Amino acid sequence: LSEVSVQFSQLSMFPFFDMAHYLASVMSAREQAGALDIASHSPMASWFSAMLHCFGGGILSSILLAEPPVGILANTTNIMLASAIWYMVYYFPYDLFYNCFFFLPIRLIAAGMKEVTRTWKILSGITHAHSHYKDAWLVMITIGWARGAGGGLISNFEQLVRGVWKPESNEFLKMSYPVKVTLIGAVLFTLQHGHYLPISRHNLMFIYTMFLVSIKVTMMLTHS
Amino acid sequence: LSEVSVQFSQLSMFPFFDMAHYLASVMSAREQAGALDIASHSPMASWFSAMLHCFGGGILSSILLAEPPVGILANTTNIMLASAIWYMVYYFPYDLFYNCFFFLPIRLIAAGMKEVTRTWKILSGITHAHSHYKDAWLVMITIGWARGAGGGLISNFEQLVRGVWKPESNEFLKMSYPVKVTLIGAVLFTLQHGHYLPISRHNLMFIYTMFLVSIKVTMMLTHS
Amino acid sequence: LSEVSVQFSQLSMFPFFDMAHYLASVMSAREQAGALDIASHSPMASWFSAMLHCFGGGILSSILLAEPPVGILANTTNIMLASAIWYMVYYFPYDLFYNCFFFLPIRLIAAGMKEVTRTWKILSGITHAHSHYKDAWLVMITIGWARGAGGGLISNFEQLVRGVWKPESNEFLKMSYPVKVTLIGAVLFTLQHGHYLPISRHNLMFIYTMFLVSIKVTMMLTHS
């Protein structure tokens with residue numbers, strides 16, 4: 001039944017899903033070591049650290065394609081939508097916002113929908129690299145990977161923003177799980193746009209998104 | 001008597017004022033910890049360290065807008081104007097140059113005129129951001145801020161040039177005075193170009209520069 | 001006999017010489033401290049470190065001119081040609097590749113031909129900076145210097161890729177040999193294109209290349 005895959009391809013991410021990626025990335029940024037002190041003792045750095053988690057995919061892919069990184073800061077609807085989630089994650093009265101979404105079922109849903117945002121971001125970079133370089137395979141893999149796990153690759157300079165400098169934990173020395181899956185996804189979808197992979201885009205899009213959501217939900221259930 | 005603010009608006013910064021900004025920046029760069037040994041034992045580094053103090057506003061705004069940073073190096077008149085001040089601040093015979101402009105009254109005039117350069121640089125970035133993005137308020141604030149206190153934001157990587165690495169002192173962790181005032185100026189003039197702020201550009205221009213000159217003069221008088 | 005310089009100017013670098021530059025840079029990158037452990041324990045990082053050694057000139061000249069750094073990743077022939085030399089230098093069975101090219105005569109030819117590729121890279125950026133800026137003297141020197149010793153200038157951030165962070169060893173604090181010669185080459189050829197230097201481009205090209213090959217050969221002979 002390929003009938004359901006094409007219904008899945010008609011999803012729009014502007015309202016609900018973008019907020020899920022913003023919330024999961026910000027909550028994960030808070031749970032990092034010493035992040036709570038940074039917001040309290042320096043809201044500016046914790047906000048800019050959050051923006052690097054939410055828009056690290058767009059910021060990195062813009063630096064690689066020589067596009068203006070401030071261009072990501074133009075969509076005031078998306079920056080405000082993320083900044084509001086940032087304020088409620090750390091500054092909500094009685095910590096009701098974080099304590100609510102830290103609940104296991106809600107954290108699973110939000111984390112699962114961020115993985116859905118990861119797919120279109122990979123395809124967005126692959127098709128966008130196609131508009132700058134046509135059949136350039138390596139360029140499509142790079143920009144697609146950059147939008148999939150941008151925050152994972154700038155993580156060395158994002159840590160510098162909060163004030164932590166760990167020159168030993170590069171993303172190329174030890175590839176973390178989200179960065180290594182994006183690279184696999186960027187490679188698979190690049191083989192799709194080049195027609196070297198025998199499957200429709202809509203079907204490969206669904207099976208990769210399911211294989212991704214199934215893993216993180218498994219990790220989150222086996223962790224608690 | 002608004003007949004005085006507009007006579008101030010017609011000022012030109014190319015001869016006198018650019019040099020004052022270049023001089024105050026270089027002199028402030030020399031007074032930093034260890035800058036004297038660097039020039040003597042590494043003139044290339046101390047020169048490149050100074051260029052980030054003089055044109056750091058232009059460099060950062062060029063990186064944020066995906067403009068060529070080497071474009072700042074095209075104006076051979078402005079680069080040579082700042083380089084000669086750099087050579088005379090550190091290498092003049094008998095140190096007559098530094099000891100002359102370190103005298104409290106002259107250092108007040110030079111520092112006060114650099115603050116005037118800060119205003120047009122903020123407005124330069126604000127109007128230049130308007131050319132690339134029409135009514136994007138955040139882009140205008142960022143670029144106008146980047147030109148106002150460029151060297152203050154790249155201060156982390158400017159320290160790396162001379163050899164010092166302090167990951168704990170980010171401009172977003174503890175905002176210094178010149179950087180936080182530029183941000184205040186960038187926000188005000190952005191509300192001006194968007195007509196949310198009920199005052200003419202030239203009156204706001206004059207009252208902001210005066211509020212900026214008066215503070216630094218007061219700081220330098222209460223410091224000595 | 002200027003008829004020999006004209007024949008030297010007809011050299012094409014796409015087949016043989018590009019590999020030599022890729023070989024000498026990768027081999028020099030392997031002989032660095034702790035580089036063998038990185039490839040074995042992290043092939044992704046040692047590969048990206050090798051790419052910074054081979055295409056560091058094109059990358060830095062691209063960042064300085066606001067050109068897309070991923071644009072260097074479009075020439076799939078050049079990237080694969082360098083990546084193949086990278087895989088053999090580190091993973092060849094019984095280390096036969098490295099042990100072969102480490103032989104002093106072969107290491108002298110490869111390193112000598114890299115010095116030739118250094119020349120065209122200088123004039124490439126000089127003529128490329130001319131395409132963007134007419135008679136801007138400083139821009140031509142910079143981009144010509146960037147392509148000549150790009151890997152040497154990004155050395156600080158290249159060391160960070162492999163995981164070593166030495167903030168005390170900047171290229172502007174103590175200029176190494178290949179970086180200080182490129183700068184001399186960039187200035188000389190910039191005076192050539194500007195016709196301030198009284199010598200034909202072909203002759204200055206040859207005498208500079210010969211002056212370059214003779215030195216590194218002498219260094220490699222007096223070092224063993």
# chains A, B, ... in the order shown; residues from 1 in each chain; ligands from 1
$ residues_around --residues "range 107-111 of chain C" --least-positions-apart "5" --cutoff "7 Å" --atoms "only C-alpha atoms" --output "ChimeraX atom specification"
/C:20,24,101-102,217
$ write_last_selection --atoms "C-alpha atoms" --output "PDB file, in the first residue's frame"
ATOM      1  CA  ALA C  20      51.967  15.894  -6.606  1.00  0.00           C
ATOM      2  CA  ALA C  24      53.189  16.036  -0.749  1.00  0.00           C
ATOM      3  CA  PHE C 101      57.121   7.915  -2.024  1.00  0.00           C
ATOM      4  CA  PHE C 102      59.079   8.526   1.188  1.00  0.00           C
ATOM      5  CA  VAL C 217      65.260  20.635  -2.331  1.00  0.00           C
TER       6      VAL C 217
END
$ residues_around --residues "residue 188 in chain A" --least-positions-apart "2" --cutoff "12 Å" --atoms "only C-alpha atoms" --output "PyMOL selection string"
chain A and resi 119+122-123+126+137+140-141+144-145+181-186+190-201+204-205+207-208
$ atom_distance --atom1 "CA of residue 83 in chain A" --atom2 "CA of residue 54 in chain A"
9.7 Å
$ closest_atom_pairs --of "chain C" --to "chain A" --cutoff "7 Å" --atoms "only C-alpha atoms" --output "tab-separated table"
residue	atom	partner	partner_atom	distance
C:42	CA	A:173	CA	5.1
C:44	CA	A:172	CA	5.5
C:45	CA	A:172	CA	4.9
C:66	CA	A:66	CA	6.1
C:67	CA	A:66	CA	5.8
C:68	CA	A:66	CA	4.4
C:69	CA	A:64	CA	5.8
C:70	CA	A:64	CA	5.6
C:73	CA	A:139	CA	6.4
C:74	CA	A:136	CA	5.8
C:160	CA	A:167	CA	6.5
C:161	CA	A:170	CA	6.9
C:163	CA	A:168	CA	4.9
C:164	CA	A:167	CA	6.7
C:165	CA	A:167	CA	6.3
$ write_last_selection --atoms "C-alpha atoms" --output "CSV table (one decimal), in the first residue's frame"
chain,number,residue,atom,x,y,z
C,42,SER,CA,38.8,8.4,13.0
C,44,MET,CA,36.5,11.0,8.8
C,45,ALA,CA,38.7,13.5,10.5
C,66,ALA,CA,32.6,35.5,-0.3
C,67,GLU,CA,32.6,32.6,-2.7
C,68,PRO,CA,31.0,29.3,-1.7
C,69,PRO,CA,33.6,27.0,-0.1
C,70,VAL,CA,31.5,24.0,-1.2
C,73,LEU,CA,33.8,20.2,-3.6
C,74,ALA,CA,32.1,20.4,-7.1
C,160,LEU,CA,41.5,21.7,15.7
C,161,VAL,CA,40.0,19.2,13.2
C,163,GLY,CA,41.8,17.6,17.9
C,164,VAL,CA,44.9,19.6,18.8
C,165,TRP,CA,44.4,23.2,20.0
$ residues_around --residues "residue 162 in chain C" --least-positions-apart "3" --cutoff "7 Å" --atoms "only C-alpha atoms" --output "PyMOL selection string"
chain C and resi 38+45-46+49+158-159
$ write_last_selection --atoms "N, CA, C and O atoms" --output "tab-separated table (two decimals), in the first residue's frame"
chain	number	residue	atom	x	y	z
C	38	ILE	N	44.91	9.32	14.40
C	38	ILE	CA	43.64	9.91	13.99
C	38	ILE	C	42.98	9.16	12.84
C	38	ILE	O	41.77	8.93	12.86
C	45	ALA	N	37.96	12.32	10.17
C	45	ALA	CA	38.70	13.52	10.51
C	45	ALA	C	40.02	13.61	9.75
C	45	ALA	O	40.40	14.70	9.29
C	46	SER	N	40.73	12.49	9.62
C	46	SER	CA	41.99	12.52	8.88
C	46	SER	C	41.76	12.83	7.41
C	46	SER	O	42.60	13.47	6.77
C	49	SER	N	41.04	16.51	7.33
C	49	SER	CA	42.32	17.16	7.56
C	49	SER	C	43.17	17.16	6.29
C	49	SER	O	43.86	18.15	6.00
C	158	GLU	N	42.89	23.80	11.25
C	158	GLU	CA	43.14	22.44	10.80
C	158	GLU	C	43.61	21.56	11.95
C	158	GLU	O	43.21	20.40	12.06
C	159	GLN	N	44.47	22.11	12.81
C	159	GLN	CA	44.87	21.39	14.02
C	159	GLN	C	43.67	21.08	14.90
C	159	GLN	O	43.64	20.05	15.57
$ residues_around --residues "residue 9 in chain A" --least-positions-apart "4" --cutoff "9 Å" --atoms "only C-alpha atoms" --output "ChimeraX atom specification"
/A:4-5,202-203,205-206
$ select_by_dssp --residues "chain B" --states "helix (DSSP H, G or I)" --output "MDAnalysis selection string"
chainID B and resid 2:9 16:30 35:41 43:54 56:64 69:73 76:91 93:101 104:132 137:148 150:153 155:162 177:193 201:223
$ residues_around --residues "residue 27 in chain B" --least-positions-apart "5" --cutoff "9 Å" --atoms "only C-alpha atoms" --output "list in words"
residues 22, 32, 86, 89, 90, 98, 101 and 102 of chain B
$ closest_residue --among "A:35, A:72, A:60, A:6" --to "residue 153 in chain A" --atoms "only C-alpha atoms"
A:60
$ atom_distance --atom1 "CA of residue 146 in chain A" --atom2 "CA of residue 40 in chain C"
25.0 Å
